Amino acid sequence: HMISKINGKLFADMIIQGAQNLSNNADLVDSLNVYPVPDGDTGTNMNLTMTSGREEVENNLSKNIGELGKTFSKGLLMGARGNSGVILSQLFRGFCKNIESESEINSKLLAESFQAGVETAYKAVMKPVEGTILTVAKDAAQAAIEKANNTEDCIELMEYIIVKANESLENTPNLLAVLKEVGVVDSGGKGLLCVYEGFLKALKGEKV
């Protein structure tokens, strides 16, 4: 029960399950939102952003992952809501750009694509702040790169990404005072974990 190659339909499934899992957790993610203003909308913003990506994907499936990523990417970018939706759309724009000429990817390209998304999002945000979705995504990609170096299995890779992304998210209150004073982890980072956990379900052949 090992996934060594991700084609366009497996990536579509990861997108759909990631979106569904975020949707199911959107009210919780909204309730955590305090930075930079406590306006209760991170989960809705990222839910609607990922739904735009998911809708484009569902209507334009492909075996070729690079083509499927262009479709996903365009959907996010034309529906990005709020700080968190804009960052989410830029993380996956860089991820999808990195694979655009590929028909399927392996664990090392997957890890490199998370890293590529981190670089794109950090450059897109004019004044990046730590303790946020950027930090969680950055720590997830660094873990990806380290683990893919000795693992062909994308399921075991994604498991490890989630463990390290989760530790990063639990640390966000130590980087950003408002998170610590209110007593919450970063809502953007939590929304991103929801998507990553859907990715893992799909890699396992399961539904959310």
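A residue's number is simply how far along the shown sequence it sits, counting from 1.
In this entry, the higher average B-factor at the C-alpha atoms falls on 150-158, of the pair 150-158 and 166-174.
Stretches 42-50 and 141-149 differ in mean C-alpha B factor, with the higher average recorded for 141-149.
Highest C-alpha temperature factor among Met126, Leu77, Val118, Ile133 per the entry: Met126. In the PDB entry, a CA B factor belonging to the highest third of its chain's modelled residues is recorded for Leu200. The PDB entry assigns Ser101 a C-alpha temperature factor belonging to the highest third of its chain's modelled residues.
The deposited CA B-factor of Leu68 belongs to the middle third of values across its chain.
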